[PDB]
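This report concerns only the one structure given below.
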Ligand SMILES: *[C@@H]1O[C@H](CO)[C@@H](O[C@@H]2O[C@H](CO)[C@@H](O[C@@H]3O[C@H](CO)[C@@H](O)[C@H](O)[C@@H]3O)[C@H](O)[C@H]2NC(C)=O)[C@H](O[C@@H]2O[C@@H](C)[C@@H](O)[C@@H](O)[C@@H]2O)[C@H]1NC(C)=O
Ligand SMILES: *[C@@H]1O[C@H](CO)[C@@H](O[C@@H]2O[C@H](CO)[C@@H](O[C@@H]3O[C@H](CO)[C@@H](O)[C@H](O)[C@@H]3O)[C@H](O)[C@H]2NC(C)=O)[C@H](O[C@@H]2O[C@@H](C)[C@@H](O)[C@@H](O)[C@@H]2O)[C@H]1NC(C)=O
Ligand SMILES: *[C@@H]1O[C@H](CO)[C@@H](O[C@@H]2O[C@H](CO)[C@@H](O)[C@H](O)[C@H]2NC(C)=O)[C@H](O[C@@H]2O[C@@H](C)[C@@H](O)[C@@H](O)[C@@H]2O)[C@H]1NC(C)=O
Ligand SMILES: *[C@@H]1O[C@H](CO)[C@@H](O[C@H]2O[C@H](CO)[C@@H](O)[C@H](O)[C@H]2NC(C)=O)[C@H](O[C@@H]2O[C@@H](C)[C@@H](O)[C@@H](O)[C@@H]2O)[C@H]1NC(C)=O
Ligand SMILES: OC[C@H]1O[C@H](O[C@@H]2[C@@H](O)[C@@H](O)O[C@H](CO)[C@@H]2O)[C@H](O)[C@@H](O)[C@H]1O
Ligand SMILES: OC[C@H]1O[C@H](O[C@@H]2[C@@H](O)[C@@H](O)O[C@H](CO)[C@@H]2O)[C@H](O)[C@@H](O)[C@H]1O
Ligand SMILES: [Ca+2]
Ligand SMILES: [Ca+2]
Ligand SMILES: [Mn+2]
Ligand SMILES: [Mn+2]
């Protein structure tokens, strides 16, 4: 069948969401993935937000895989240009009941200790050793070393519209990033076999992180706000 | 091996373009694919515009296929809502030195008594027998019976931004359609093996058509204007 939900905005204490670590919902309705005190983003922050109920992406009985579409708006404000904002945010799919991973360039979804599979779309703002120039969009499968990336220029503090679509029949994951105020459009796509990397049931959500203390730079930070979010999935099984 | 060009606007008899049939460039810089007299689009019109120089999409020696990206803005104004606007416009790739094909639902790129291969992205406004609900975006390979389609709502007379990207390593052709004034975003993608359908050298361009006389409806028309166009291709050969 078809599952779906839509958050035109976030109401404090959402029954539908699971907030982890620093993730909070502000009084004015936005989902702040990372810590922001008195209007200022801090470093050493990591937070995630998961849809409370698990979604079935595939069925072992029929062998069918779900197709899905998710749309959301986010905003990244980088108050301090030098030396380097960090780290970025991702939309991810992972097994249910996982714990926040390592922060920094791992966005809180990768745990070197005990790794769990995941498919994520990253909006990377800090160039780690494994990264190409930033900012860039990346498609991540079980790792933060993207299978494909594309550069983009951030609209600092502006709103961004993202469209992520997965077509099971072609196994194509296509993502579109648009900054309405600048009129710019970025597109990236890759082939991903969900059935091969993920279990039948998963959690969908966001995760973000600011500068890791090991970098010794308190300015390595920015906001990671989610303004709205809609999700739809169809499993003919 | 990189080839690219950019047209922020179009000038009268540009050396870089090959205009065919009704295609003409207006005094105010727009590329009008189909006939418009005294601000009114007419039926029974067909026109194409090709980049004057051929581009190499693949090399028989190395076996490599080119990756490319093209961006353009177009506008479709439909003055007569009833009974039905027609027919639409396409961005296409075909062998060099082709002639305008049949008009109507064939957009001027398909010639029944001398079919040549082609890959095209259509913005279809008239529902032929082989079509799903209109308007819709479609990916066409050697035929106007799309391999994939997606519906969209036209911003009548408004501007549309299109991004077409082809990644040779994955064979994915992804297209994004955005109507800035409405803030709507449409995305479609499919797998296409250029090397399998097209020759090493091709022409890239646009083609459009208005109502065919056989429909006996003079209102079966609309404008098909191209405002800007940039193209880039890389052959690692
Ligand atoms: C960490 O991030 C902070 C906040 O941006 C940086 O501090 C700021 O450094 C600016 C230097 O580009 C200062 O700008 C000056 O502003 C005044 C008035 O606004 C002008 O007259 C002058 O020409 C400059 O444009 C800005 O005042 C300062 N902000 C504050 C209140 O601290 C900081 O920069 C670096 O460290 C600070 C402590 C100073 O030593 C700066 O000179 C230095 O660039 C960022 N730190 C890092 C690691 O780069
Ligand atoms: C072909 O396209 C023309 C142009 O739109 C159609 O004629 C137009 O028909 C409209 C009927 O829907 C007329 O609209 C009405 O206009 C008056 C005053 O302008 C308003 O008060 C009223 O609220 C409607 O908006 C429109 O005036 C007319 N345009 C002109 C100047 O001719 C045409 O429709 C066909 O002919 C007209 C004259 C009527 O007989 C219609 O019933 C008839 O369908 C379109 N023809 C086809 C094949 O549909
Ligand atoms: C649709 O437009 C065509 C123009 O490309 C018309 O054909 C052209 O008509 C010219 C004068 O009518 C003639 O000099 C051209 O040789 C001819 N070109 C072609 C494609 O052969 C076409 O038909 C014309 O108009 C209709 C009404 C009849 O009068 C025909 O005898 C004309 O050729 C136009 N179709 C219709 C039905 O309007
Ligand atoms: C980065 O953020 C951490 C929060 O997770 C800070 O440590 C806190 O959490 C750890 C384990 O989760 C606890 O053991 C600490 O008691 C917590 N500290 C606080 C603020 O109450 C962490 O702070 C640093 O490390 C901890 C272990 C203490 O030594 C703090 O004094 C120290 O500042 C913070 N890192 C930095 C450098 O800001
Ligand atoms: O400053 C923020 C960043 O901190 C870390 O980056 C590394 C750091 O671990 C250390 O190896 O030193 C180098 C510079 O020599 C970098 O700062 C995180 O790994 C980054 O993701 C980022 O948070
Ligand atoms: O009226 C515009 C359309 O005219 C033609 O469509 C067909 C027509 O040829 C004839 O077969 O009758 C049917 C309806 O019974 C349609 O009108 C073109 O083929 C279309 O592309 C369009 O121009
Ligand atoms: Ca990074
Ligand atoms: Ca059609
Ligand atoms: Mn990255
Ligand atoms: Mn069609």
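Kindly evaluate residue A:100 against the criterion of being within 29 Å of residue A:127 (Cα to Cα) and not in a strand (DSSP E or B). Against the criterion (within 29 Å of residue A:127 (Cα to Cα) and not in a strand (DSSP E or B)), residue A:100 qualifies. With respect to the conditions (1) under 24 Å from residue B:81 (Cβ atoms); (2) surrounded by 15 or more Cβ atoms within 10 Å (Cβ to Cβ); (3) within 14 Å of chain A (Cβ to nearest Cβ), residue B:123 falls short on a single one, namely (3). Among the residues here, residue A:102 qualifies as surrounded by fewer than 22 Cβ atoms within 10 Å (Cβ to Cβ) and within 16 Å of ligand 5 (Cβ to nearest atom). Restricting attention to region B:51-65, the residues that are more than 15 Å from residue B:232 (Cα to Cα) and surrounded by 13 or more Cβ atoms within 10 Å (Cβ to Cβ) total 2. Report yes if some residue within region A:185-198 is at the interface with chain B (Cβ under 9 Å from one of its Cβ atoms) and without any contact (Cβ under 8 Å) to a residue 24 or more places away in the chain; otherwise report no. The answer is yes, given that some residue of region A:185-198 is at the interface with chain B (Cβ under 9 Å from one of its Cβ atoms) and without any contact (Cβ under 8 Å) to a residue 24 or more places away in the chain.
Answer yes or no: is there a residue in region B:215-230 that is within 14 Å of chain A (Cβ to nearest Cβ) and surrounded by 22 or more Cβ atoms within 10 Å (Cβ to Cβ). Scanning region B:215-230, I find no residue that is within 14 Å of chain A (Cβ to nearest Cβ) and surrounded by 22 or more Cβ atoms within 10 Å (Cβ to Cβ), so the answer is no. The set of residues from region A:142-158 being surrounded by 14 or more Cβ atoms within 10 Å (Cβ to Cβ) and either within 10 Å of another protein chain (Cβ to nearest Cβ) or not in a loop (DSSP other than H, G, I, E, B) (or both) comprises A:147, A:148, A:149, A:150. Answer yes or no: is there a residue in region B:19-36 that is closer than 19 Å to residue B:97 by Cβ and in contact (Cβ under 8 Å) with a residue 60 or more places away in the chain. Looking through region B:19-36, at least one residue is closer than 19 Å to residue B:97 by Cβ and in contact (Cβ under 8 Å) with a residue 60 or more places away in the chain.
Considering (1) outside any strand (DSSP E or B); (2) without any contact (Cβ under 8 Å) to a residue 24 or more places away in the chain; (3) within 14 Å of chain A (Cβ to nearest Cβ), the lone condition that residue B:181 does not fulfil carries the number (2).
A short reminder: the numbers here are calculations on the coordinates, not readings from a lab. Virtual Cβ from ideal backbone geometry, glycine too; neighbours counted across all protein chains shown.
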